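Data block below; observations after.
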Amino acid sequence: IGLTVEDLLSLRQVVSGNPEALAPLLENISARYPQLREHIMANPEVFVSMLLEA
Amino acid sequence: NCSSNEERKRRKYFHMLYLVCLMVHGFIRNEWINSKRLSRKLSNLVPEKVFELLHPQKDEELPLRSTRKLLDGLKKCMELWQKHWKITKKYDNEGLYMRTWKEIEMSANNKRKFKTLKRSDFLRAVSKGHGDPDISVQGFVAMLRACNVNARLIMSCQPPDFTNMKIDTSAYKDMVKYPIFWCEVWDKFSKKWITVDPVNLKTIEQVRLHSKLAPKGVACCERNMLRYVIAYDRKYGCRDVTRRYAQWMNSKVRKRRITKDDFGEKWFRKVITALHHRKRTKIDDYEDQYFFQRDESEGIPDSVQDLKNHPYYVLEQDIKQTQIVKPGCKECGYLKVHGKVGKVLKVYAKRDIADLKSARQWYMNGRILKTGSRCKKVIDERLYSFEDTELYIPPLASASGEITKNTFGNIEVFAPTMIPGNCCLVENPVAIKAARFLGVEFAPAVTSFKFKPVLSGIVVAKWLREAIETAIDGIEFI
DNA sequence: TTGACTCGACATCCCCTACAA
DNA sequence: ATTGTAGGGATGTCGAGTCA
């Protein structure tokens, strides 16, 4: 996977309390992490667990 | 009017990503709902009489009367909640309703100003009685939960539609006509989950074949296209409950979920398991039994378009050239054709259809013909059933690790089965280089064809695997 | 207002010549 | 007299349009 603490921060916070704002954040973050794509296709449960550790 | 397979592929991907995020949002929100600080405040909203109504005594002669009491409780809760929730906001923008690909693409541009919603602020909101309808309902679930009733939070996830291939993709009252969030409550007496929408429709229903909550009418489905309805429970369960609310789940809804192909299903189930933090209860079984009944009461659809790629059912005319009718079966139904006079079709159960393959086709699945096999169908090419066939066991490699190869000096490996028993497949651009350098005995692997053989690697004896791998790891020094 | 059917454009699956150095 | 190199046919899917 391989994400910063600033993007995982924005993503835990949007996902948890402001999901209306998902749309632009995801456009951005998916554009900075090509591997994120194939990760999500191969290993969604990983991306989840990453988002849960809070 | 139509976009590139790149955009197609991006839309499908973004759909999965957006969905996973949404479903996580559900999980987290349902956590915030279980909050004990909230419970202690919310309990006192519910009179003891109402509480008693919410936990009726087991009634042996007629459980129905207990269910009836539970329903009366749920209505009294919905009313007193009407009173508790004082200031009901508007969604800043489209809320969690579905967005159009155009809107997404465009959302990059204007970074709309968004007040962040922390966890405290949610609790405080629910306690003050100030918020939008999503928060309102969420609070309602908190309330029931603080009364020790088994009350799920339901979320209708609206990721962008990945079946919309279009380039150009083209008010408020029609969006809010049906809810994104609502509540379920478990009736131990009648053994069913009761549906509760205390804020939008303000009804309580025991869904059989129809639900007031499933959006109907062209206008409501523009921003709400019902596909993934997720239930989160007290114990941090996560269960896909779509089948309750979709009248036509197996025809209409399946085309619009990621679950329509097999890869999709596997992905979705992975996500639900990631989100399902409890172990199977007996209620899970009562539900699954309900779902099976529903899936068996849906039946044959009323149109040809809904029988394309149907899971259980196929028109006689859509039976592939390589399929046959399983002996002694026949139509399970007929389909009247809208818009052609008198025209009728034979509908078969897919479970009554057998898939046949030629000899080569089976070989490409790693199978050869069983002794005394008859063919089931012809075209010059005889086709055979799966039970006409048998695994192919390739000859073992020798002591020196020689693999018996074909006329072209390779071994054909189209399936793990076709690796000899004492041998392994090592897939790597230099695996052939390696084996040649060690001058160990190997054999090129043909793993597939391009339309020409694709040589993806080597098949070598297992004892030689470590050696090859070392040579591979040190390939730069060769 | 809708579905059956048709069509569009994709997409997916199942060898040697000429010639300069 | 030679080394190097560019240049598969059916079936399925979705959008639009015509007909009923």
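Letters A, B, ... mark the chains of the structure tokens in the order given; residue numbers begin at 1 per chain; ligand numbers begin at 1, in order shown.
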Find the residues in chain B near chain C: any atom within 9 Å counts, using only C-alpha atoms (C1' of nucleotides). Write them as a ChimeraX atom specification. /B:4-5,303-305,337-340,449,451
DSSP on the backbone: which residues in range 190-255 of chain B end up as helix (DSSP H, G or I)? Give the answer as JSON, numbers by chain. {"B": [220, 221, 222, 223, 242, 243, 244, 245, 253, 254, 255]}
Would you export the selected residues with C-alpha atoms as a tab-separated table (two decimals), in the first residue's frame, please?
chain	number	residue	atom	x	y	z
B	220	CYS	CA	-36.32	8.82	-6.98
B	221	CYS	CA	-33.95	6.43	-8.72
B	222	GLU	CA	-31.90	9.24	-10.26
B	223	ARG	CA	-30.12	10.00	-6.96
B	242	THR	CA	-30.39	-5.84	0.21
B	243	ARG	CA	-32.61	-8.87	-0.43
B	244	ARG	CA	-35.16	-7.60	2.10
B	245	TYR	CA	-35.73	-4.31	0.30
B	253	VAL	CA	-30.48	-5.20	-9.03
B	254	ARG	CA	-27.87	-7.82	-9.94
B	255	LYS	CA	-26.92	-5.96	-13.11
Would you mind listing, as a ChimeraX atom specification, all residues of chain D that have at least one atom within 9 Å of chain B, where only C-alpha atoms (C1' of nucleotides) are what counts? /D:8,14-16,20
Write out as JSON, numbers by chain the residues lying within 8 Å of range 33-41 of chain A, counting only C-alpha atoms (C1' of nucleotides) and excluding same-chain residues fewer than 5 positions away. {"A": [1, 3, 47], "B": [13, 16, 17, 267]}
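The spacing separating CA of residue 427 in chain B from CA of residue 397 in chain B amounts to 18.3 Å.
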